[PDB]
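# Structure at a glance
Take a look at the letters that make up each chain.
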Amino acid sequence: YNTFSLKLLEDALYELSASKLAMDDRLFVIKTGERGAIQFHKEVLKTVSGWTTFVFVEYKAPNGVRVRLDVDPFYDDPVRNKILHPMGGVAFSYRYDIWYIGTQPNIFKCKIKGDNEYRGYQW
Amino acid sequence: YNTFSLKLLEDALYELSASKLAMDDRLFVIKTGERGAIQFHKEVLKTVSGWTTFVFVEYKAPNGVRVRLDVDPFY
Amino acid sequence: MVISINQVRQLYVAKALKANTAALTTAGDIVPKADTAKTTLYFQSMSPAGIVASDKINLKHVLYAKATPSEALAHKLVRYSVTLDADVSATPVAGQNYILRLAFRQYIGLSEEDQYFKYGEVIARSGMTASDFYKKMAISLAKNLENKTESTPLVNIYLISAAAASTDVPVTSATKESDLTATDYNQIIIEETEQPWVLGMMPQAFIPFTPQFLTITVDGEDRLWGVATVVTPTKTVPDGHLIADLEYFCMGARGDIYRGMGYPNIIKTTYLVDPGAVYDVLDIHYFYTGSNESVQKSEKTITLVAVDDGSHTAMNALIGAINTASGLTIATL
Amino acid sequence: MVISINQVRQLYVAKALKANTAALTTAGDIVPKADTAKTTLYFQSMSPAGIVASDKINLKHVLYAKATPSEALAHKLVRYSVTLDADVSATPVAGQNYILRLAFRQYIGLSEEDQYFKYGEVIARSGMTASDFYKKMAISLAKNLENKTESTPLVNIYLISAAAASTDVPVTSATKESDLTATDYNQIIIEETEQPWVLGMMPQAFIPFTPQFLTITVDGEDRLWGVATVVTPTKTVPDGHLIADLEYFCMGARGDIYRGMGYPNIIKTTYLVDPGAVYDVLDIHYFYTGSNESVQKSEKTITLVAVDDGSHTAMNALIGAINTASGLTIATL
Amino acid sequence: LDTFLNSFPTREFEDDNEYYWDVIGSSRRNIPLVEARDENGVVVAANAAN
């Protein structure tokens, strides 16, 4: 996106949870920085919008699905992120990662038995 | 500043807590008088803004960082 | 200017090139020395305390040897040109607060990567034109960044009048609109600055920036008014301070590693690099392999500095001597 | 007017200067007395009860001696000129409520620093011009600050018509638009006032102010309409009340320190300063050093007042006598 | 102001010498670019292909 829209994010939640939901396990998580968290809150806390807030704050999209902002700190890391957004901050902070959460894990990091011992001293 | 802006104060909170945060230890404290506290509340308690209030009142900037006005008397 | 080393770096100053060891009289005098068979190469340099000889270079173990022109080590000072875009409005719109932001990548005293801002406020009225806007925005920037209170600004502000188009009109924290009497101001330029340098404590370093413009309402639409284009630099920062630090650090590899630590009980080293002069550098990377069972390489490098006078005369002669002695084919500048 | 003292202050009134001690007949008559060698200086003054002599001044121990012109101790009455700025609008905008504020730094009866306001309301309609606005704003101010209900206003309100430009038109809590029939009112002036003074209970004191204007919407923008400029004062407050208090306090250093405390059982002191007259002051700071082991200084001062008649004649003669006697070089007014 | 200044803690020192403190950051660092050169050492211009 070149310009932000709460509609696109509502359409995304629709895509993720339209008939796949269960009305009781629709925990979502949006991950972004602080400048994206701004765009989100500026448009979400309005009244013309359909979101309502539930004080750990959680949101409930007009779709009826439970949302949870997790503003991560690395989305603003000025080391790996270099390009600047005309509206301030690093453009990687204007970036949402919307993941369906529920109940076996969808993501896991693979490991091999005995990989913590591969330390050698050539002295 | 010659004219007030809630943007400048949001940019300041960004500067302070952009990647330095931890999502659980971002306690901020804004200290000012009562006329500045006015400018703050007049613009913060709007709905077009991104702040939400948490009744000892505490605020949560659109950045997601926890804020606390401490209107000091010496200002 | 602590650096990374391939196990060592040594620096010798070629303040003067002499033909024989007997002519080494002043400190800095140097002569490249190699046998007739061209098996080893070494340098005899006059230190303040007698002539010292460099390490011996087995001319079969030379990995690379290239020289620099002293223009590669210079840092051009970045400067943008700020201007309000005729798309939003070719002239300021009344009532709107124009707030300019300078996004610095480091703080003033630190080198860690962070986001650091400085601002400039201007509130436009019914009659304010472009010239008056640039004027008041420049003065606001100066009073906000040139609040140094100790040393010097973080960037320098100038104005260009349409008549000059090339004469940067400086603006400082003391300037006031009475001093700026033109009516054809068409842009604002913001150059980088040479920050404080100390010989072995503060390395030469810069803080880049980006002019960011906040949003104004023009026709009910929040919009960006500015154009932060990058005009070509006109000022430069030579390597004298950069080279002097190289010497300061690389003289602890043959000299005293402590330098002021036990301050009363110290050894003080005399340095021959003149910070303020421009040096063109030469470097020779070589290694020592060893004997049976000792194939591991000990790679090394010997670098040599020489003042540039436009044409890289001094270094060109020094390498010509080294090619005549060691038969190498180092290229001239 | 309790004051700070360098261990003492004594005041004697120079109601009349006489040449010899024999001529001291009326209370206030004074003569400077010094020997021929000019070692000590003292003053012989006629009190209501016989002639009293001042402390003796060792003319080697005189720290300073300067006289004042009675214009230094006068307090000009501050007055602004209020006006609506032609930038926002050269004439009132209908529907908007113009609210003027007078930011006082103390309350009316207290001297502690506080923020104390008084307001003036005017609501503008389609036909109201500048004159009518100043008129109604002035009457609102008067009815809001001249609600004294005991004594007197806290500031005085006037109007200036463009025809006069110099004739302040007073406005009081009783005034009404029928009394103000002009159409060329162009400003409002707000002077300070002489507050109540009591001899030894209420010191002379003022309460400064600043006309502050609240915000109106003109084109959807909240803006300030007023111009609170500081025109030059035209009225003054002399020192008679200020000097009279000096005497009241400094007569407790040679006289009775209680003054009405045990009211039936008191001693009442006769004071020779005429509150209502203007005095020019003189002062002589000196000290007593002492003997062996007693080097500590006991610094003192003797001040003398004399009525000014334009030219500081009385004091000029008094110092001329003192210079003739003690050889000092005090300067004339 | 005393309340404001009691909000801060106290460190008790032994003398009245100038005091100092160290400040450290992290190794994670961006490095700017001087230029880029092709396979034959020619400097990459802006108006050039990949």
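Residues numbered from 1 in each chain as written, not as in the entry; some residues may be left out. Chains lettered and ligands numbered in written order. Part of a larger assembly, values for the part shown. Heavy atoms only, no water.

## As for the overall build of chain A
The number of helices and strands found in chain A is two helices and six strands. What you see in chain A, going N to C, is helices and strands ordered as α-β-α-β-β-β-β-β. For 123 residues, the compact-globule estimate of 2.2 N^0.38 gives 14 Å, and chain A exceeds it by more than 25% at 19 Å. In terms of overall dimensions, chain A has C-alpha extents of about 70 × 40 × 25 Å along its principal axes. The 123 residues of chain A split such that 40% are buried. Working note: accessible area of chain A is about 8400 Å², and carbon and sulfur atoms make up 56% of it. (Helix = DSSP H or I, 4+ residues; strand = E, 2+ residues; numbered from the N terminus. Rg over C-alpha atoms; globule rule 2.2 N^0.38 Å. Buried < 20%, exposed > 50% of the residue type's maximum accessible area, 1.4 Å probe, protein only. Areas by Shrake-Rupley, 256 points an atom, 1.4 Å probe, with all protein chains shown as cover.)

## Comments concerning a nonpolar patch on the surface
A contiguous nonpolar surface patch, about 530 Å² in accessible area, is contributed by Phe74(B), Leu1(E), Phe4(E), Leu5(E) and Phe8(E). Its place among the elements puts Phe74(B) in the segment after β5 (69–71). (Patch = residues over 30% accessible without salt bridge, like charges linked within 9 Å, V, L, I, M, F, W, Y side chains within 5 Å. Salt bridge = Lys/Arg side-chain N within 4 Å of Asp/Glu carboxyl O.)

## Description of the side chain of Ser93(A)
Here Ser93(A) is to be found in the loop between β5 (69–71) and β6 (97–101). Since its relative accessible area comes to 0%, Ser93(A) is described here as buried. Within polar-contact distance, the side chain of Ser93(A) engages the backbone oxygen of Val90(A) at 2.7 Å. Apart from residues no more than four positions distant in its own chain, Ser93(A) is found in contact with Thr32(A), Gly33(A), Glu34(A), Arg35(A), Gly36(A), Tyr75(A), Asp76(A) and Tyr14(B). (Polar contact = N/O pair within 3.5 Å; in protein donor to acceptor, adjacent residues only side chain to side chain. Contact = heavy atoms within 4.5 Å.)

## Topic: the pattern of salt bridges
Summed over all chains, the structure comprises 25 salt bridges over all chains. Across the salt bridge formed by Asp11(B) and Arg35(A), the nearest N and O atoms sit 3.3 Å from each other. Remark: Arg35(A) occurs in helix α2 (residues 35–44) and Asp11(B) occurs in helix α1 (residues 6–16); the pair is interchain, linking two chains. Like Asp11(B), the residue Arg35(A) is buried in the burial classification. With a closest N to O distance of 2.2 Å, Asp11(B) and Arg101(C) form a salt bridge. Placement of the pair is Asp11(B) in helix α1 and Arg101(C) in strand β10 (residues 97–102), with the two residues belonging to separate chains. Across the pair, exposure class does not vary: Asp11(B) and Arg101(C) are buried alike. It is possible to trace a salt-bridge network through shared partners that takes in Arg79(C), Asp168(C), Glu191(C) and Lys235(C).

## Some points on α1(B)
Of all 11 residues in α1(B), eight are buried; the element is thus mostly enclosed. Those residues of α1(B) not exposed but buried are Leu6(B), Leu8(B), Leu9(B), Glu10(B), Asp11(B), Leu13(B), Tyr14(B) and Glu15(B). Tucked into the core, α1(B) has its buried residues touching α2 of chain A, β1 (30–32), α2 (35–44) and β4 (66–67) of chain B together with β10 and β11 (119–123) of chain C. At the N-terminal boundary of α1(B), the capping side chain belongs to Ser5(B), with an oxygen 3.0 Å from the backbone nitrogen of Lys7(B).

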